[PDB]
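Engineer: This structure is in C-alpha cells; I'll ask about it shortly.
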Amino acid sequence: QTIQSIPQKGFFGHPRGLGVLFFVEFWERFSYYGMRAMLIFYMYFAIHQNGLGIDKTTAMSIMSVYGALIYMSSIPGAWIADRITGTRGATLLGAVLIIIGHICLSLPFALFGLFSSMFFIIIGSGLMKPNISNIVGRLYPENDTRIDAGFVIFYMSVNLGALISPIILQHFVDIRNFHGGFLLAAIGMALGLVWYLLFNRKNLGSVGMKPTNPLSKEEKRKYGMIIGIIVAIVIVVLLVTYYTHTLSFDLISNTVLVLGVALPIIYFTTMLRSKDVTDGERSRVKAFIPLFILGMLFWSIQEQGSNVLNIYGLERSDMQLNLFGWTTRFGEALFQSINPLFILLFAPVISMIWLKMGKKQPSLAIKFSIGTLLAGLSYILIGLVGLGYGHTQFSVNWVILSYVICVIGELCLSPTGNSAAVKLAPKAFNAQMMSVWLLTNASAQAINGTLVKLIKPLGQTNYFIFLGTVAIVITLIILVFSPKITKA
Ligand SMILES: CC(C)[C@H](N)C(=O)OCCOCn1cnc2c(=O)[nH]c(N)nc21
C-alpha cells in the first residue's frame, strides 16, 4: 500500500514527510531565486566590476528565455517520472543536476560556465519542480481532506526561499564577488540534497519509486528513436553554427519564441478534439482559452519585474528607500523580495476576502481580469512616473509601488488559475490541463524573451506605457464576454 508505508502525521498535523520536502524545496527555491537574482547583474555588469559585460538587451533576454525553459521542461520531466523513472527518482536526479549547474557559475568559466549552468539547471528543474509537487499530493490518501493546507505549507517554503535569498545574496553584489554568491546558493542546494538523502527513505516510504505507466519493450524503442534523433539534430545545428560563427542568442530566443507560441495550441487542439472530452467539459476548455490570455498578459508583466523593472530602478531612481522617516539604501537585488513578501503576508488575507463573500464572490474571469488590469495599471504607473520626472532621479519608492500593485494583482490570479487548472480539467486530460495553466507562465516568458528587444527602439519609458495599455485594453475587451465565459 502507498499510505500504509508512510507516517500519516509528524509535521504540524500533516504527514511527517511533508517536513522532509519542505526542507528540500526550501533549500532549492532559496538557491534558485538567489542565483536568479544575481544573474541579471552578473551579465550586464562590466568586466572591471567582475561582471561578464553582455549587452543589456541580450542579458534581459536570456533572463526570460532561461525562465520559460524552466517551466517548459516541467512537461517532459512530468513525463519521465510518468514512464521511466518515477517521481522519486526524477526528483533525486533533478536535484543532483541542479547542484552541478550552481557549481558551474562558481568556477571562472566566463561565457562557457554560464550556459552549461543554464543547461544543467533547466534539465534538473523539470525533473524536480513538477515531480516534487507530485510526491506531496501522493502522501495524502484518497479521501483525506488535509491535502489542501498541506500544499499551502509546501508552497510556503517556495516563498520563504525566494524571500530570504535576495536578502542574504545582496552583499556579494555590493562587494561585487559574484563567484562567492553562486557558491552559497550552491551549498544551500546541497543542504537540501543531503537532507533528502538522510531522511527520504523513512518518511516518504515507497511513494513514487516506480513509474505509473511504464514503457513497453516497443515503446522504449519508438520513443528512444524519436527523442534520440531530435537531440542529434539539435546538437548538430548548434555545433554547425558555433564553428561557422553563425550562433548568437537570436537562434535560441527565436526557437523558444516559437515553442512558447506553438505549445499552447497543440494542447488545446489535441484537447478540444478527441471524443474523450464530453460536451460539458468542452466549451469549458474553450472558456479557459480567454483566461489563458489574461494569464499570459499578466505573467508577461510580472516576470518582467525580474529583468526590466529592476534595471530601470537601479539606473533611473535614487535607490534610497524613504518611508515615514526611515531612509536606507535600497539594494538592487532586494527587488525580488517584495513579490514573495506580500504573498507570505497576504496570501492568508485575500483568502478571507473570498470566504466572507461566499457565492457573491467574483467569477473566475473576473479575478483574471482584476489581476491583469492591475499588472496593466502597474506598468502605466511606472511609465508615467518616468514620463513626469524625465532626466531627474526620482524615488525608488515609485519602483517599489509598481512591484506591489503587481503582486496584489497576482493575489487574485495565482490562487485562481491553479485552483482552476486541475479543477475543471477534462476528466481524461487532467495532466494535459495542468500543462496548460502552467504555460501561462512559460509563454509569457518566451514572449518576453523577444518583447524586450522593443526597449531600445521605443525607449525604456514608452515601452512601459505600451505594455500596460495592451493589458488593460485587451482585458476590458474580454471582460465584455465575461458572462459567456462564466457559463461553465
Ligand atoms: C518572484 C518569485 C518570488 C515569484 N512570485 C514566486 O513566488 O514564484 C513561485 C514559484 O513558482 C511555483 N509556484 C508557486 N506557487 C505556485 C502555485 O500556486 N501553483 C503552481 N503550480 N506553482 C506555483
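Residues are referred to by chain and number: the chain letter is A, B, ... according to the order shown in the C-alpha cells, the number counts from 1 in that chain, and ligands are numbered separately from 1 in the order shown.
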Show me, as a PyMOL selection string, the residues that have an atom within 10 Å of residue 95 in chain A when counting only C-alpha atoms, minus same-chain residues fewer than 4 positions from it.

Structural biologist: chain A and resi 24-25+28+89-91+99-100+121+123-125+127-129+189-190+192-193+196

Engineer: Those selected residues, please, written with N, CA, C and O atoms and delivered as an mmCIF file, in the first residue's frame.

Structural biologist:
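Resulting contents of part-v8.cif:
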data_model
loop_
_atom_site.group_PDB
_atom_site.id
_atom_site.type_symbol
_atom_site.label_atom_id
_atom_site.label_comp_id
_atom_site.auth_asym_id
_atom_site.auth_seq_id
_atom_site.Cartn_x
_atom_site.Cartn_y
_atom_site.Cartn_z
ATOM 1 N N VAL A 24 13.480 20.348 1.670
ATOM 2 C CA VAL A 24 14.119 20.206 0.366
ATOM 3 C C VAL A 24 13.714 21.336 -0.566
ATOM 4 O O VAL A 24 14.571 22.049 -1.091
ATOM 5 N N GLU A 25 12.416 21.525 -0.793
ATOM 6 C CA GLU A 25 12.023 22.601 -1.697
ATOM 7 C C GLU A 25 12.439 23.962 -1.156
ATOM 8 O O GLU A 25 12.672 24.885 -1.945
ATOM 9 N N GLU A 28 16.051 24.355 -2.207
ATOM 10 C CA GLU A 28 16.185 24.519 -3.649
ATOM 11 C C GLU A 28 15.716 25.905 -4.075
ATOM 12 O O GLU A 28 16.448 26.648 -4.738
ATOM 13 N N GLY A 89 12.694 9.121 -8.284
ATOM 14 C CA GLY A 89 13.957 9.107 -8.992
ATOM 15 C C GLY A 89 14.236 10.429 -9.670
ATOM 16 O O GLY A 89 15.321 11.015 -9.511
ATOM 17 N N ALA A 90 13.235 10.910 -10.416
ATOM 18 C CA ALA A 90 13.367 12.180 -11.119
ATOM 19 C C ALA A 90 13.764 13.298 -10.167
ATOM 20 O O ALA A 90 14.656 14.099 -10.476
ATOM 21 N N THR A 91 13.127 13.369 -9.000
ATOM 22 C CA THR A 91 13.482 14.434 -8.076
ATOM 23 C C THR A 91 14.938 14.325 -7.656
ATOM 24 O O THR A 91 15.660 15.329 -7.653
ATOM 25 N N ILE A 99 22.578 21.039 -8.550
ATOM 26 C CA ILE A 99 23.806 21.387 -7.829
ATOM 27 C C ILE A 99 24.971 21.494 -8.791
ATOM 28 O O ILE A 99 25.869 22.318 -8.596
ATOM 29 N N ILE A 100 24.992 20.676 -9.837
ATOM 30 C CA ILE A 100 26.050 20.820 -10.826
ATOM 31 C C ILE A 100 25.980 22.200 -11.467
ATOM 32 O O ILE A 100 26.986 22.911 -11.570
ATOM 33 N N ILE A 121 20.720 23.330 -14.978
ATOM 34 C CA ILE A 121 19.623 23.639 -14.075
ATOM 35 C C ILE A 121 18.303 23.380 -14.754
ATOM 36 O O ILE A 121 17.418 22.731 -14.179
ATOM 37 N N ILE A 123 17.506 21.326 -17.068
ATOM 38 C CA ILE A 123 17.262 19.890 -17.050
ATOM 39 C C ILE A 123 16.684 19.467 -15.700
ATOM 40 O O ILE A 123 15.517 19.070 -15.607
ATOM 41 N N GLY A 124 17.471 19.614 -14.625
ATOM 42 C CA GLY A 124 17.041 19.138 -13.319
ATOM 43 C C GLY A 124 15.766 19.787 -12.816
ATOM 44 O O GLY A 124 15.002 19.164 -12.073
ATOM 45 N N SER A 125 15.505 21.030 -13.220
ATOM 46 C CA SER A 125 14.305 21.717 -12.757
ATOM 47 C C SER A 125 13.033 21.012 -13.217
ATOM 48 O O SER A 125 12.091 20.846 -12.435
ATOM 49 N N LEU A 127 12.773 17.867 -13.968
ATOM 50 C CA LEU A 127 12.705 16.622 -13.232
ATOM 51 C C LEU A 127 12.377 16.824 -11.770
ATOM 52 O O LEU A 127 12.159 15.844 -11.059
ATOM 53 N N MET A 128 12.396 18.045 -11.278
ATOM 54 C CA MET A 128 12.224 18.178 -9.850
ATOM 55 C C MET A 128 11.019 19.021 -9.505
ATOM 56 O O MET A 128 10.117 18.539 -8.808
ATOM 57 N N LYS A 129 10.977 20.260 -9.990
ATOM 58 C CA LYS A 129 9.867 21.147 -9.663
ATOM 59 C C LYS A 129 8.512 20.474 -9.791
ATOM 60 O O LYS A 129 7.743 20.526 -8.817
ATOM 61 N N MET A 189 21.820 24.546 -1.930
ATOM 62 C CA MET A 189 21.171 23.452 -2.628
ATOM 63 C C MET A 189 21.643 22.102 -2.096
ATOM 64 O O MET A 189 20.837 21.181 -1.956
ATOM 65 N N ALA A 190 22.923 21.961 -1.745
ATOM 66 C CA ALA A 190 23.380 20.647 -1.303
ATOM 67 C C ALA A 190 22.751 20.274 0.037
ATOM 68 O O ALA A 190 22.312 19.132 0.232
ATOM 69 N N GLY A 192 19.767 20.833 0.945
ATOM 70 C CA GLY A 192 18.531 20.160 0.584
ATOM 71 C C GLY A 192 18.754 18.726 0.152
ATOM 72 O O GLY A 192 18.040 17.820 0.586
ATOM 73 N N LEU A 193 19.758 18.494 -0.687
ATOM 74 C CA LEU A 193 20.025 17.140 -1.152
ATOM 75 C C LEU A 193 20.396 16.229 0.008
ATOM 76 O O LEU A 193 19.776 15.179 0.209
ATOM 77 N N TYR A 196 17.486 15.256 1.964
ATOM 78 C CA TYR A 196 16.647 14.251 1.330
ATOM 79 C C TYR A 196 17.302 12.891 1.441
ATOM 80 O O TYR A 196 16.662 11.914 1.831
#

Engineer: At a cut-off of 6 Å around ligand 1, and using only C-alpha atoms and all ligand atoms, what residues come up? Please write them as a ChimeraX atom specification.

Structural biologist: /A:155,158-159,162,336,339-340,414-415,418

Engineer: Print the selection's residues with N, CA, C and O atoms to a file, as a PDB file, in the first residue's frame.

Structural biologist:
ATOM      1  N   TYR A 155       3.950  25.182  -0.586  1.00  0.00           N
ATOM      2  CA  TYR A 155       4.304  26.375  -1.336  1.00  0.00           C
ATOM      3  C   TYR A 155       4.701  27.535  -0.438  1.00  0.00           C
ATOM      4  O   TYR A 155       5.067  28.599  -0.945  1.00  0.00           O
ATOM      5  N   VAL A 158       8.352  27.671  -0.830  1.00  0.00           N
ATOM      6  CA  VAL A 158       8.571  28.335  -2.113  1.00  0.00           C
ATOM      7  C   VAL A 158       8.781  29.828  -1.891  1.00  0.00           C
ATOM      8  O   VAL A 158       9.795  30.396  -2.296  1.00  0.00           O
ATOM      9  N   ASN A 159       7.873  30.465  -1.175  1.00  0.00           N
ATOM     10  CA  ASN A 159       8.037  31.885  -0.953  1.00  0.00           C
ATOM     11  C   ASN A 159       9.037  32.207   0.139  1.00  0.00           C
ATOM     12  O   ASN A 159       9.472  33.359   0.227  1.00  0.00           O
ATOM     13  N   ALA A 162      12.406  32.186  -1.603  1.00  0.00           N
ATOM     14  CA  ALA A 162      12.531  33.271  -2.569  1.00  0.00           C
ATOM     15  C   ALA A 162      12.563  34.626  -1.898  1.00  0.00           C
ATOM     16  O   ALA A 162      12.931  35.621  -2.535  1.00  0.00           O
ATOM     17  N   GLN A 336      13.564  41.561  -5.689  1.00  0.00           N
ATOM     18  CA  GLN A 336      12.934  40.285  -5.958  1.00  0.00           C
ATOM     19  C   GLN A 336      12.313  39.690  -4.710  1.00  0.00           C
ATOM     20  O   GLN A 336      11.779  38.569  -4.783  1.00  0.00           O
ATOM     21  N   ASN A 339       7.920  40.724  -4.027  1.00  0.00           N
ATOM     22  CA  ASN A 339       6.900  39.842  -4.591  1.00  0.00           C
ATOM     23  C   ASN A 339       6.579  38.624  -3.726  1.00  0.00           C
ATOM     24  O   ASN A 339       5.386  38.358  -3.522  1.00  0.00           O
ATOM     25  N   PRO A 340       7.538  37.864  -3.185  1.00  0.00           N
ATOM     26  CA  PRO A 340       7.153  36.856  -2.181  1.00  0.00           C
ATOM     27  C   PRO A 340       6.709  37.428  -0.838  1.00  0.00           C
ATOM     28  O   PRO A 340       5.796  36.862  -0.229  1.00  0.00           O
ATOM     29  N   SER A 414      -3.019  34.189  -9.166  1.00  0.00           N
ATOM     30  CA  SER A 414      -2.220  33.000  -8.890  1.00  0.00           C
ATOM     31  C   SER A 414      -3.049  31.947  -8.152  1.00  0.00           C
ATOM     32  O   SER A 414      -2.963  30.763  -8.505  1.00  0.00           O
ATOM     33  N   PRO A 415      -3.862  32.307  -7.140  1.00  0.00           N
ATOM     34  CA  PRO A 415      -4.633  31.272  -6.432  1.00  0.00           C
ATOM     35  C   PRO A 415      -5.822  30.775  -7.217  1.00  0.00           C
ATOM     36  O   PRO A 415      -6.406  29.752  -6.836  1.00  0.00           O
ATOM     37  N   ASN A 418      -4.627  28.089 -10.693  1.00  0.00           N
ATOM     38  CA  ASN A 418      -4.189  26.767 -10.246  1.00  0.00           C
ATOM     39  C   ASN A 418      -5.209  26.055  -9.372  1.00  0.00           C
ATOM     40  O   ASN A 418      -5.176  24.825  -9.280  1.00  0.00           O
TER      41      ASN A 418
END

Engineer: Between CA of residue 274 in chain A and CA of residue 437 in chain A, measure the distance and give it in Å to one decimal.

Structural biologist: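 Between CA of residue 274 in chain A and CA of residue 437 in chain A the gap is 19.8 Å.
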
Engineer: Here is a test: counting only C-alpha atoms, which residue of A:444, A:294, A:225, A:3 is nearest to residue 71 in chain A?

Structural biologist: A:444

Engineer: What's the 10 Å shell around residue 117 in chain A, counting only C-alpha atoms, without same-chain residues fewer than 3 positions away, as a list in words?

Structural biologist: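 Non-adjacent residues within range: residues 97, 98, 99, 100, 101, 102, 103, 104, 105, 106, 112, 113, 114, 120, 121, 122 and 123 of chain A.
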
Engineer: Need the shell around residue 331 in chain A: protein/DNA/RNA residues with any atom at most 10 Å away, counting only C-alpha atoms. Skip same-chain ones fewer than 5 positions apart. Format as JSON, numbers by chain?

Structural biologist: {"A": [166, 167, 170, 171, 173, 174, 314, 319, 320, 321]}

Engineer: Taking only C-alpha atoms into account, which of A:433, A:80, A:333, A:20 comes nearest residue 163 in chain A?

Structural biologist: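 Using only C-alpha atoms, the shortest distance to residue 163 in chain A belongs to A:333.
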
Engineer: Show me, as a PyMOL selection string, the residues that have an atom within 10 Å of residue 84 in chain A when counting only C-alpha atoms, minus same-chain residues fewer than 5 positions from it.

Structural biologist: chain A and resi 79+89-90+210-215+220

Engineer: Determine the nearest neighbour of residue 61 in chain A from the options A:228, A:449, A:180, A:459, counting only C-alpha atoms.

Structural biologist: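 Comparing A:228, A:449, A:180, A:459 against residue 61 in chain A, the winner is A:449.
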
Engineer: Neighbouring residues of range 300-304 of chain A were defined as those with any atom within 8 Å, considering only C-alpha atoms; residues of the same chain fewer than 6 positions away were excluded. Please report them as a VMD selection string.

Structural biologist: chain A and resid 64 375 to 376 379 406 to 407 441 444 to 445 447 to 448 467

Engineer: Hey, can you spit out that residue selection with C-alpha atoms as a compact mmCIF listing (two decimals), in the first residue's frame?

Structural biologist:
# COMPACT_ATOMS: atom_id res chain seq x y z
CA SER A 64 13.18 35.44 -19.95
CA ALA A 375 -0.44 44.46 -13.62
CA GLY A 376 -1.54 46.61 -16.53
CA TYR A 379 3.20 49.42 -15.86
CA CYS A 406 1.56 43.82 -9.47
CA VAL A 407 1.85 41.37 -6.59
CA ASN A 441 3.97 31.41 -17.28
CA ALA A 444 4.75 35.00 -21.22
CA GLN A 445 8.41 34.19 -20.61
CA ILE A 447 7.23 36.31 -25.36
CA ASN A 448 9.28 38.45 -23.00
CA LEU A 467 2.58 47.13 -22.47

Engineer: Would you compute the distance between CA of residue 87 in chain A and CA of residue 422 in chain A? Give it in Å to one decimal.

Structural biologist: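 So the answer is 18.8 Å.
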
Engineer: At a cut-off of 9 Å, using only C-alpha atoms, what residues contact residue 8 in chain A? Leave out same-chain residues fewer than 6 positions from it and give the result as a list in words.

Structural biologist: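 Non-adjacent residues within range: residues 14, 15, 16, 17, 139 and 140 of chain A.
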